[PDB]
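Here is the file work-v9.txt (compact mmCIF, C-alpha atoms).
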```txt
# COMPACT_ATOMS: atom_id res chain seq x y z
CA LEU B 1 242.17 72.49 11.89
CA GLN B 2 241.08 75.26 9.50
CA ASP B 3 243.89 77.74 10.05
CA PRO B 4 246.79 75.33 9.58
CA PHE B 5 245.15 73.72 6.53
CA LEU B 6 244.38 77.07 4.92
CA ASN B 7 247.80 78.53 5.84
CA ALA B 8 249.64 75.67 4.13
CA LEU B 9 247.70 76.30 0.92
CA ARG B 10 248.34 80.03 1.16
CA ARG B 11 252.04 79.71 1.98
CA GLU B 12 252.74 77.21 -0.79
CA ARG B 13 250.56 79.15 -3.28
CA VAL B 14 249.02 75.89 -4.49
CA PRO B 15 246.08 75.99 -6.94
CA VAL B 16 242.92 74.90 -5.12
CA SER B 17 239.30 74.24 -5.90
CA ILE B 18 236.69 75.75 -3.63
CA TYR B 19 233.31 74.09 -3.99
CA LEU B 20 230.32 76.16 -2.91
CA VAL B 21 227.15 74.87 -1.28
CA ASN B 22 225.41 75.01 -4.65
CA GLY B 23 228.01 72.82 -6.35
CA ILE B 24 229.80 75.61 -8.20
CA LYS B 25 233.58 75.22 -8.31
CA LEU B 26 235.85 78.23 -7.91
CA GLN B 27 239.56 77.94 -8.67
CA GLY B 28 242.63 79.92 -7.76
CA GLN B 29 245.02 80.57 -4.94
CA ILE B 30 244.32 81.33 -1.30
CA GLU B 31 245.37 84.95 -0.75
CA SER B 32 244.15 85.33 2.83
CA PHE B 33 241.36 84.37 5.18
CA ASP B 34 239.70 85.05 8.49
CA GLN B 35 236.90 83.26 10.33
CA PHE B 36 234.30 84.59 7.91
CA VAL B 37 235.81 84.85 4.44
CA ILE B 38 238.50 83.57 2.12
CA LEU B 39 240.07 85.81 -0.52
CA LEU B 40 240.64 83.68 -3.62
CA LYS B 41 242.98 85.06 -6.26
CA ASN B 42 242.68 84.30 -9.93
CA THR B 43 242.57 87.28 -12.29
CA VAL B 44 240.94 89.34 -9.55
CA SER B 45 240.63 88.86 -5.80
CA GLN B 46 237.17 87.56 -5.03
CA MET B 47 235.78 87.27 -1.52
CA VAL B 48 234.21 83.92 -0.66
CA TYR B 49 231.99 83.54 2.40
CA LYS B 50 232.96 80.45 4.38
CA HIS B 51 229.31 79.83 5.20
CA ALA B 52 228.79 79.14 1.48
CA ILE B 53 231.78 76.80 1.17
CA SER B 54 231.29 73.03 1.24
CA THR B 55 234.84 71.89 0.66
CA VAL B 56 238.35 73.13 -0.13
CA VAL B 57 240.45 70.80 -2.27
CA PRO B 58 244.19 71.19 -3.08
CA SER B 59 245.17 70.38 -6.69
CA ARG B 60 248.05 68.25 -5.33
CA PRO B 61 249.18 66.79 -1.98
CA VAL B 62 250.01 69.52 0.52
CA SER B 63 251.68 68.78 3.83
CA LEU T 1 227.24 61.85 19.64
CA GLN T 2 229.40 63.36 16.89
CA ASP T 3 232.85 62.84 18.39
CA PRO T 4 232.47 59.14 19.23
CA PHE T 5 230.83 58.39 15.86
CA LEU T 6 233.51 60.27 13.93
CA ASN T 7 236.35 58.84 16.06
CA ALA T 8 235.26 55.26 15.36
CA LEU T 9 235.36 55.93 11.62
CA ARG T 10 238.74 57.60 11.92
CA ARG T 11 240.28 54.95 14.16
CA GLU T 12 239.09 52.04 12.02
CA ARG T 13 240.01 53.87 8.78
CA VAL T 14 236.72 52.78 7.21
CA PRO T 15 235.71 54.17 3.79
CA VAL T 16 232.80 56.58 4.24
CA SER T 17 230.49 58.66 2.12
CA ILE T 18 229.95 62.26 3.09
CA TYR T 19 226.86 63.74 1.49
CA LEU T 20 226.80 67.53 1.19
CA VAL T 21 223.75 69.77 1.48
CA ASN T 22 223.58 69.95 -2.31
CA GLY T 23 223.45 66.17 -2.72
CA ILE T 24 227.05 65.73 -3.84
CA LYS T 25 228.73 62.64 -2.42
CA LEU T 26 232.36 62.75 -1.29
CA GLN T 27 234.22 59.54 -0.48
CA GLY T 28 237.30 58.66 1.48
CA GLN T 29 238.58 58.23 4.98
CA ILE T 30 238.17 60.47 8.00
CA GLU T 31 241.61 61.90 8.75
CA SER T 32 240.62 64.30 11.52
CA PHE T 33 237.91 66.69 12.61
CA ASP T 34 236.98 69.50 14.95
CA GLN T 35 233.68 71.26 15.60
CA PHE T 36 233.87 73.08 12.28
CA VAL T 37 235.52 70.86 9.69
CA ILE T 38 236.31 67.31 8.70
CA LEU T 39 239.49 66.44 6.81
CA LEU T 40 238.60 63.71 4.30
CA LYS T 41 241.47 61.79 2.74
CA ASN T 42 241.37 60.29 -0.70
CA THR T 43 244.21 61.19 -3.05
CA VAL T 44 244.56 64.53 -1.29
CA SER T 45 243.30 65.84 2.05
CA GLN T 46 240.25 67.98 1.44
CA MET T 47 238.62 70.11 4.11
CA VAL T 48 234.86 69.73 4.43
CA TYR T 49 232.80 72.27 6.37
CA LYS T 50 230.38 70.53 8.71
CA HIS T 51 227.79 73.21 8.04
CA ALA T 52 227.64 71.90 4.46
CA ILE T 53 227.34 68.24 5.47
CA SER T 54 223.94 66.53 5.53
CA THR T 55 224.97 63.03 6.46
CA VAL T 56 228.00 60.80 7.09
CA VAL T 57 227.57 57.17 6.07
CA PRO T 58 230.02 54.29 6.80
CA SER T 59 230.53 51.81 3.93
CA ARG T 60 230.03 48.96 6.41
CA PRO T 61 228.79 48.49 10.01
CA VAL T 62 231.02 50.27 12.50
CA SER T 63 230.68 49.79 16.23
CA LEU H 1 209.11 69.90 21.30
CA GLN H 2 212.01 68.13 19.57
CA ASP H 3 213.11 65.79 22.34
CA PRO H 4 209.69 64.32 23.13
CA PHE H 5 208.84 63.93 19.43
CA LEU H 6 212.16 62.27 18.64
CA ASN H 7 212.08 60.11 21.79
CA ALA H 8 208.66 58.68 20.89
CA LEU H 9 209.97 57.65 17.47
CA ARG H 10 213.09 56.15 19.01
CA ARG H 11 211.28 54.32 21.81
CA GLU H 12 208.64 52.82 19.51
CA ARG H 13 211.24 52.00 16.82
CA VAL H 14 208.90 53.30 14.12
CA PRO H 15 210.15 53.62 10.53
CA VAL H 16 210.54 57.30 9.67
CA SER H 17 211.43 59.44 6.70
CA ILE H 18 213.95 62.20 7.20
CA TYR H 19 213.85 64.78 4.43
CA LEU H 20 217.01 66.82 3.95
CA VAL H 21 217.21 70.46 2.90
CA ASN H 22 217.98 69.34 -0.65
CA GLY H 23 214.86 67.19 -0.90
CA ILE H 24 216.59 63.84 -0.46
CA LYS H 25 214.65 61.36 1.65
CA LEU H 26 216.45 59.10 4.13
CA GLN H 27 214.61 56.21 5.76
CA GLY H 28 215.15 54.10 8.83
CA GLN H 29 214.81 54.15 12.57
CA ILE H 30 215.89 56.78 15.06
CA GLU H 31 218.75 55.26 17.05
CA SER H 32 219.70 58.33 19.07
CA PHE H 33 220.06 62.08 18.88
CA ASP H 34 221.46 65.17 20.52
CA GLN H 35 221.05 68.86 19.71
CA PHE H 36 223.28 68.55 16.66
CA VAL H 37 222.79 65.15 15.06
CA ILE H 38 220.45 62.23 14.64
CA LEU H 39 221.76 58.69 14.21
CA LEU H 40 219.50 56.94 11.69
CA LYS H 41 219.70 53.16 11.50
CA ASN H 42 219.05 51.18 8.38
CA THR H 43 221.73 48.71 7.31
CA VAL H 44 224.36 50.95 8.91
CA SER H 45 224.15 53.80 11.40
CA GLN H 46 224.44 57.07 9.52
CA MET H 47 224.85 60.43 11.22
CA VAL H 48 222.49 63.15 10.02
CA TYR H 49 223.15 66.80 10.86
CA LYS H 50 219.99 68.48 12.13
CA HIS H 51 220.98 71.68 10.35
CA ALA H 52 220.48 69.79 7.07
CA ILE H 53 217.09 68.34 8.06
CA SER H 54 213.88 69.95 6.83
CA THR H 55 211.34 67.56 8.26
CA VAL H 56 210.98 64.27 10.15
CA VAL H 57 207.92 62.21 9.23
CA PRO H 58 206.69 59.03 11.01
CA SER H 59 205.45 56.24 8.70
CA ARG H 60 202.35 55.91 10.91
CA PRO H 61 200.64 57.85 13.73
CA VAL H 62 202.83 58.06 16.82
CA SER H 63 201.55 59.38 20.13
CA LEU Y 1 205.91 88.57 15.20
CA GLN Y 2 206.30 84.79 14.86
CA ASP Y 3 204.42 83.65 17.95
CA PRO Y 4 201.25 85.68 17.38
CA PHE Y 5 201.16 84.79 13.67
CA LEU Y 6 201.69 81.09 14.34
CA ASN Y 7 199.27 81.06 17.31
CA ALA Y 8 196.45 82.51 15.19
CA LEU Y 9 196.92 79.74 12.62
CA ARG Y 10 197.03 77.12 15.35
CA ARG Y 11 194.04 78.44 17.28
CA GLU Y 12 191.84 78.78 14.19
CA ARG Y 13 193.03 75.41 12.81
CA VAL Y 14 193.38 76.93 9.34
CA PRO Y 15 194.97 74.89 6.53
CA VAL Y 16 198.39 76.34 5.72
CA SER Y 17 201.19 75.81 3.26
CA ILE Y 18 204.71 75.63 4.59
CA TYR Y 19 207.31 76.16 1.89
CA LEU Y 20 210.76 74.75 2.61
CA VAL Y 21 214.08 76.26 1.55
CA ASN Y 22 214.21 73.80 -1.34
CA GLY Y 23 210.83 74.85 -2.71
CA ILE Y 24 208.88 71.84 -1.46
CA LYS Y 25 205.41 72.66 -0.17
CA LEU Y 26 204.03 70.94 2.92
CA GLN Y 27 200.35 71.29 3.82
CA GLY Y 28 198.32 70.80 6.94
CA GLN Y 29 197.48 72.41 10.23
CA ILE Y 30 199.77 73.96 12.82
CA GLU Y 31 199.65 71.67 15.85
CA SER Y 32 202.32 73.39 17.94
CA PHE Y 33 205.65 75.14 17.73
CA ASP Y 34 208.65 76.39 19.63
CA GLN Y 35 211.64 78.46 18.56
CA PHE Y 36 213.13 75.54 16.67
CA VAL Y 37 210.35 73.44 15.17
CA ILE Y 38 206.77 73.42 13.98
CA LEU Y 39 204.60 70.31 14.29
CA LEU Y 40 202.44 70.14 11.16
CA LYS Y 41 199.45 67.81 11.25
CA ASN Y 42 198.04 66.09 8.22
CA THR Y 43 197.60 62.32 8.44
CA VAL Y 44 200.54 62.16 10.84
CA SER Y 45 202.34 64.79 12.90
CA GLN Y 46 205.55 65.73 11.14
CA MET Y 47 208.23 67.89 12.70
CA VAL Y 48 209.47 70.76 10.53
CA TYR Y 49 212.69 72.59 11.39
CA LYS Y 50 212.18 76.35 11.21
CA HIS Y 51 215.68 76.76 9.82
CA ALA Y 52 214.46 74.92 6.71
CA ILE Y 53 211.30 77.00 6.33
CA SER Y 54 211.16 79.88 3.85
CA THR Y 55 207.58 80.96 4.26
CA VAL Y 56 204.31 80.07 6.00
CA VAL Y 57 201.16 80.88 4.04
CA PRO Y 58 197.54 80.67 5.33
CA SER Y 59 195.00 79.23 2.85
CA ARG Y 60 192.68 82.16 3.66
CA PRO Y 61 192.87 85.53 5.47
CA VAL Y 62 193.62 85.09 9.16
CA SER Y 63 193.42 87.96 11.62
CA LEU D 1 238.97 91.16 5.79
CA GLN D 2 235.37 91.92 4.79
CA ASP D 3 235.20 95.60 5.65
CA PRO D 4 238.35 96.69 3.82
CA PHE D 5 237.48 94.58 0.76
CA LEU D 6 233.92 95.89 0.63
CA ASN D 7 234.99 99.49 1.35
CA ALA D 8 237.43 99.50 -1.57
CA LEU D 9 234.65 98.39 -3.93
CA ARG D 10 232.29 100.99 -2.50
CA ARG D 11 234.80 103.84 -2.55
CA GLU D 12 235.94 103.16 -6.11
CA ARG D 13 232.35 102.56 -7.29
CA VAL D 14 233.49 99.52 -9.28
CA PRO D 15 230.90 97.26 -10.94
CA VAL D 16 230.77 93.94 -9.07
CA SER D 17 229.05 90.61 -9.34
CA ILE D 18 227.45 89.18 -6.24
CA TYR D 19 226.77 85.47 -6.53
CA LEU D 20 224.07 84.09 -4.25
CA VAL D 21 224.02 80.66 -2.62
CA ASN D 22 221.65 79.46 -5.34
CA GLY D 23 223.99 80.48 -8.16
CA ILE D 24 222.09 83.61 -9.19
CA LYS D 25 224.33 86.52 -10.14
CA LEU D 26 223.43 90.07 -9.13
CA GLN D 27 225.30 93.02 -10.61
CA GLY D 28 225.80 96.62 -9.64
CA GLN D 29 227.70 98.84 -7.28
CA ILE D 30 228.21 98.51 -3.54
CA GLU D 31 226.26 101.36 -1.94
CA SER D 32 226.76 100.39 1.69
CA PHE D 33 226.95 97.43 4.03
CA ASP D 34 226.89 96.27 7.61
CA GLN D 35 227.48 92.86 9.18
CA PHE D 36 224.15 91.57 7.91
CA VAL D 37 223.37 93.13 4.55
CA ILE D 38 224.83 94.76 1.47
CA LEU D 39 222.92 97.44 -0.44
CA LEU D 40 223.58 96.87 -4.15
CA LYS D 41 222.73 99.71 -6.51
CA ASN D 42 221.67 99.21 -10.08
CA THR D 43 218.44 100.89 -11.17
CA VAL D 44 217.13 100.56 -7.62
CA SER D 45 218.82 99.85 -4.30
CA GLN D 46 218.28 96.22 -3.41
CA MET D 47 219.16 94.74 -0.04
CA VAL D 48 221.19 91.53 -0.15
CA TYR D 49 221.53 89.33 2.93
CA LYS D 50 225.15 88.32 3.46
CA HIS D 51 224.02 84.91 4.68
CA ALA D 52 222.77 84.27 1.12
CA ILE D 53 225.98 85.46 -0.56
CA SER D 54 228.58 82.96 -1.74
CA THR D 55 231.08 85.29 -3.34
CA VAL D 56 231.68 88.93 -4.27
CA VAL D 57 233.69 89.48 -7.45
CA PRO D 58 235.04 92.83 -8.76
CA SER D 59 234.73 93.36 -12.53
CA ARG D 60 238.38 94.50 -12.58
CA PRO D 61 241.41 94.46 -10.24
CA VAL D 62 240.80 96.55 -7.14
CA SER D 63 243.55 97.37 -4.68
CA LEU X 1 220.84 99.20 7.45
CA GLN X 2 217.98 96.68 7.47
CA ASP X 3 215.46 98.56 9.60
CA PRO X 4 215.58 101.87 7.73
CA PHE X 5 215.48 100.11 4.33
CA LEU X 6 212.57 97.89 5.34
CA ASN X 7 210.72 100.76 7.09
CA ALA X 8 210.83 102.92 3.95
CA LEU X 9 209.26 100.11 1.92
CA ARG X 10 206.64 99.54 4.59
CA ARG X 11 205.80 103.21 5.10
CA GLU X 12 205.49 103.95 1.38
CA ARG X 13 203.58 100.69 0.75
CA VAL X 14 205.67 100.04 -2.36
CA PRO X 15 205.34 96.71 -4.20
CA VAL X 16 208.50 94.66 -3.65
CA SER X 17 210.00 91.39 -4.76
CA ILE X 18 211.46 89.12 -2.13
CA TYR X 19 213.76 86.51 -3.59
CA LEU X 20 214.29 83.39 -1.48
CA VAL X 21 217.48 81.36 -1.21
CA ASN X 22 216.05 78.86 -3.69
CA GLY X 23 215.39 81.50 -6.34
CA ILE X 24 211.64 81.72 -5.82
CA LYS X 25 210.25 85.25 -6.07
CA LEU X 26 207.52 86.43 -3.71
CA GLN X 27 205.70 89.69 -4.37
CA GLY X 28 203.65 92.06 -2.30
CA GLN X 29 203.93 94.76 0.31
CA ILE X 30 205.93 94.82 3.52
CA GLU X 31 203.40 94.72 6.36
CA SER X 32 205.85 94.42 9.25
CA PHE X 33 209.10 92.82 10.30
CA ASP X 34 211.36 91.94 13.18
CA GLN X 35 214.86 90.47 13.29
CA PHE X 36 213.57 87.05 12.30
CA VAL X 37 210.64 87.43 9.91
CA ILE X 38 208.96 89.69 7.40
CA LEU X 39 205.19 89.69 6.96
CA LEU X 40 204.48 90.10 3.24
CA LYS X 41 200.96 91.08 2.24
CA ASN X 42 199.35 90.10 -1.01
CA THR X 43 195.96 88.41 -0.80
CA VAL X 44 196.93 86.97 2.58
CA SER X 45 199.67 87.82 5.05
CA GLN X 46 202.47 85.31 4.68
CA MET X 47 205.39 85.05 7.07
CA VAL X 48 208.82 84.95 5.45
CA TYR X 49 211.88 83.86 7.42
CA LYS X 50 214.76 86.27 6.87
CA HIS X 51 217.20 83.38 6.99
CA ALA X 52 215.61 82.16 3.73
CA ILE X 53 215.74 85.56 2.03
CA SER X 54 218.52 86.38 -0.44
CA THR X 55 217.45 89.82 -1.54
CA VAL X 56 214.66 92.40 -1.21
CA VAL X 57 214.04 94.52 -4.30
CA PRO X 58 211.71 97.57 -4.55
CA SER X 59 209.65 97.79 -7.76
CA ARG X 60 210.70 101.45 -8.09
CA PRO X 61 213.25 103.83 -6.52
CA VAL X 62 212.61 104.34 -2.82
CA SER X 63 214.42 106.96 -0.78
```
Would you write out, as structure tokens, the structure that this file holds?
Amino acid sequence: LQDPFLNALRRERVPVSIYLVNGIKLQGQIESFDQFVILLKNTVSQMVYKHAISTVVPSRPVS
Amino acid sequence: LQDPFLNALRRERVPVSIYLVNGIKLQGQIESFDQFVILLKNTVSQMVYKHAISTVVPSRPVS
Amino acid sequence: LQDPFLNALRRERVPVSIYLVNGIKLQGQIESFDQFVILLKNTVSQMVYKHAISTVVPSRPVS
Amino acid sequence: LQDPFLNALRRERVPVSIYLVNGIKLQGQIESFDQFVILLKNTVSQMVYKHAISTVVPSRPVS
Amino acid sequence: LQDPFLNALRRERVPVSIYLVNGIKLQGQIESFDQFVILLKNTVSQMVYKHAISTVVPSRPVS
Amino acid sequence: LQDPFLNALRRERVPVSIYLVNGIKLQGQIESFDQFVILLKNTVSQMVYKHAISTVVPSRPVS
């Protein structure tokens, strides 16, 4: 489920919110990902560990 | 235990609360799931990592 | 150790407190369990992920 | 390292503090343990998941 | 994705922020890393466990 | 990276701070370690689970 969901966000360059396990919300666009991290682009590319992610939320409906 | 419990919620489209490991409560309907994530539908589909889930709670009894 | 401890609680239908890793306390009776989840019955059955459990505490001595 | 450290506490029945990953302190005596849980005896036996333990601290020096 | 991202930061000795799963921000330069830890240099070398990292953020764009 | 870093601290008996995933700071000297725990000596030996450690920080430069 992960790969198609993440690929749709990446491909359509949709703004997303990534909530971390502490409740902090990161925003930006999904640049790339593997089974361990997601690169999230805003002003810089920041590397997010999936193990610290609770939920990924598109800013608008994404098929 | 997971798959039958989650499938019943999905199949009956019952509103559920998903509590995360930080105490945040997400609400909506179970769209689909695998061994790593749950897609939770409200206004958008958001992807929840199971490793960040503490408990899934049906809004009403579900056989 | 887990299986006998949990089975005794289930079999004797003793009220228990399940503390989560965030400090939240859930209460009810152990309905069933596997190596990943515990079903905890109060008004509904809710599915608790063991990875988010810190401690399970019987309301009274349980052999 | 775990097994000898925990066995010494168990064998000598020394009061210990078990701090959880949320900062909550549990107290009592080590009843038994495996690679997944520790049974901690105070008034009841409560089952503590090792994955939710940060540190185990003897109330006094223990060889 | 991890190794090239981390190597670029290390090689260019760029100041970074490492956010932990509790929200605490550590700052300094990436000295070295393996699949388990990152050594982060400020006044001393401190060893950060990757399992406690949520995100690594460069202070400026880094190719 | 872990073993040489931890061994240097142990061998030189340097005071260290061990920060846990909840932000609590433990202090003392590294007595011993394996892939699962670190024994941290202050007045008593306390056993710290590595999975609950975010960072280990020497009180002074340590080669």
Original post:
Suppose you want the space between atom CA of residue 40 of chain H and atom CA of residue 24 of chain Y; what is it in Å?
Top reply: 22.5 Å
Subject >> Neighbour residues at most 9 Å from (199.4, 86.8, 11.0) (all atoms listed in the file) as number ranges by chain >> reply: Y: 1-2, 4-9, 58, 61-63; X: 39, 44-47
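If you look at atom CA of residue 23 of chain Y and atom CA of residue 42 of chain X, they are 19.2 Å away from each other.
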Subject >> Neighbour list for residue 28 of chain B as a VMD selection string, cut-off 9 Å, only C-alpha atoms, skip fewer than 4 positions in-chain >> reply: chain B and resid 14 to 18 40 to 43
Subject >> Nearest to chain Y, chosen from H:19, H:57, H:11, H:31, with only C-alpha atoms counted in the distances >> reply: H:57
Since the input is missing atoms, can you rebuild N, CA, C and O atoms for segment 32-49 of chain H and write them as a PDB file, keeping the file's coordinate frame?
```pdb
ATOM      1  N   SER H  32     219.450  57.367  18.004  1.00  0.00           N
ATOM      2  CA  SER H  32     219.700  58.330  19.070  1.00  0.00           C
ATOM      3  C   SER H  32     219.879  59.709  18.486  1.00  0.00           C
ATOM      4  O   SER H  32     219.909  59.872  17.270  1.00  0.00           O
ATOM      5  N   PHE H  33     220.002  60.706  19.350  1.00  0.00           N
ATOM      6  CA  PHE H  33     220.060  62.080  18.880  1.00  0.00           C
ATOM      7  C   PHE H  33     220.585  62.970  19.980  1.00  0.00           C
ATOM      8  O   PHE H  33     220.475  62.636  21.159  1.00  0.00           O
ATOM      9  N   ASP H  34     221.188  64.088  19.588  1.00  0.00           N
ATOM     10  CA  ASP H  34     221.460  65.170  20.520  1.00  0.00           C
ATOM     11  C   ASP H  34     221.006  66.470  19.854  1.00  0.00           C
ATOM     12  O   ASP H  34     220.149  66.449  18.972  1.00  0.00           O
ATOM     13  N   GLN H  35     221.560  67.600  20.256  1.00  0.00           N
ATOM     14  CA  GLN H  35     221.050  68.860  19.710  1.00  0.00           C
ATOM     15  C   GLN H  35     221.660  69.150  18.350  1.00  0.00           C
ATOM     16  O   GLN H  35     221.281  70.112  17.691  1.00  0.00           O
ATOM     17  N   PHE H  36     222.596  68.311  17.919  1.00  0.00           N
ATOM     18  CA  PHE H  36     223.280  68.550  16.660  1.00  0.00           C
ATOM     19  C   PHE H  36     223.021  67.484  15.620  1.00  0.00           C
ATOM     20  O   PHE H  36     222.860  67.803  14.444  1.00  0.00           O
ATOM     21  N   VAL H  37     222.982  66.219  16.029  1.00  0.00           N
ATOM     22  CA  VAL H  37     222.790  65.150  15.060  1.00  0.00           C
ATOM     23  C   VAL H  37     221.695  64.168  15.428  1.00  0.00           C
ATOM     24  O   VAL H  37     221.227  64.119  16.568  1.00  0.00           O
ATOM     25  N   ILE H  38     221.292  63.395  14.432  1.00  0.00           N
ATOM     26  CA  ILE H  38     220.450  62.230  14.640  1.00  0.00           C
ATOM     27  C   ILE H  38     221.153  61.037  14.015  1.00  0.00           C
ATOM     28  O   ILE H  38     221.599  61.112  12.872  1.00  0.00           O
ATOM     29  N   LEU H  39     221.295  59.950  14.774  1.00  0.00           N
ATOM     30  CA  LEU H  39     221.760  58.690  14.210  1.00  0.00           C
ATOM     31  C   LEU H  39     220.559  57.919  13.678  1.00  0.00           C
ATOM     32  O   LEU H  39     219.633  57.614  14.419  1.00  0.00           O
ATOM     33  N   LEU H  40     220.595  57.614  12.387  1.00  0.00           N
ATOM     34  CA  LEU H  40     219.500  56.940  11.690  1.00  0.00           C
ATOM     35  C   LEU H  40     219.917  55.552  11.238  1.00  0.00           C
ATOM     36  O   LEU H  40     220.826  55.410  10.409  1.00  0.00           O
ATOM     37  N   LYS H  41     219.275  54.525  11.783  1.00  0.00           N
ATOM     38  CA  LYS H  41     219.700  53.160  11.500  1.00  0.00           C
ATOM     39  C   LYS H  41     218.913  52.541  10.360  1.00  0.00           C
ATOM     40  O   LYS H  41     217.690  52.436  10.419  1.00  0.00           O
ATOM     41  N   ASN H  42     219.620  52.132   9.316  1.00  0.00           N
ATOM     42  CA  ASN H  42     219.050  51.180   8.380  1.00  0.00           C
ATOM     43  C   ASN H  42     219.951  49.957   8.357  1.00  0.00           C
ATOM     44  O   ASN H  42     219.917  49.157   9.301  1.00  0.00           O
ATOM     45  N   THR H  43     220.775  49.810   7.328  1.00  0.00           N
ATOM     46  CA  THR H  43     221.730  48.710   7.310  1.00  0.00           C
ATOM     47  C   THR H  43     222.959  49.108   8.133  1.00  0.00           C
ATOM     48  O   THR H  43     223.549  48.282   8.832  1.00  0.00           O
ATOM     49  N   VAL H  44     223.334  50.380   8.041  1.00  0.00           N
ATOM     50  CA  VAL H  44     224.360  50.950   8.910  1.00  0.00           C
ATOM     51  C   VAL H  44     223.752  52.083   9.718  1.00  0.00           C
ATOM     52  O   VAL H  44     222.635  52.495   9.458  1.00  0.00           O
ATOM     53  N   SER H  45     224.486  52.555  10.721  1.00  0.00           N
ATOM     54  CA  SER H  45     224.150  53.800  11.400  1.00  0.00           C
ATOM     55  C   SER H  45     224.756  54.937  10.594  1.00  0.00           C
ATOM     56  O   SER H  45     225.973  54.963  10.365  1.00  0.00           O
ATOM     57  N   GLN H  46     223.921  55.866  10.154  1.00  0.00           N
ATOM     58  CA  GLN H  46     224.440  57.070   9.520  1.00  0.00           C
ATOM     59  C   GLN H  46     224.072  58.294  10.341  1.00  0.00           C
ATOM     60  O   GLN H  46     222.984  58.379  10.917  1.00  0.00           O
ATOM     61  N   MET H  47     225.004  59.240  10.393  1.00  0.00           N
ATOM     62  CA  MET H  47     224.850  60.430  11.220  1.00  0.00           C
ATOM     63  C   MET H  47     224.303  61.561  10.368  1.00  0.00           C
ATOM     64  O   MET H  47     224.922  61.961   9.384  1.00  0.00           O
ATOM     65  N   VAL H  48     223.138  62.067  10.747  1.00  0.00           N
ATOM     66  CA  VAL H  48     222.490  63.150  10.020  1.00  0.00           C
ATOM     67  C   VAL H  48     222.620  64.441  10.828  1.00  0.00           C
ATOM     68  O   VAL H  48     222.292  64.472  12.007  1.00  0.00           O
ATOM     69  N   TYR H  49     223.109  65.501  10.196  1.00  0.00           N
ATOM     70  CA  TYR H  49     223.150  66.800  10.860  1.00  0.00           C
ATOM     71  C   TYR H  49     221.780  67.437  10.834  1.00  0.00           C
ATOM     72  O   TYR H  49     221.163  67.554   9.773  1.00  0.00           O
TER      73      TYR H  49
END
```
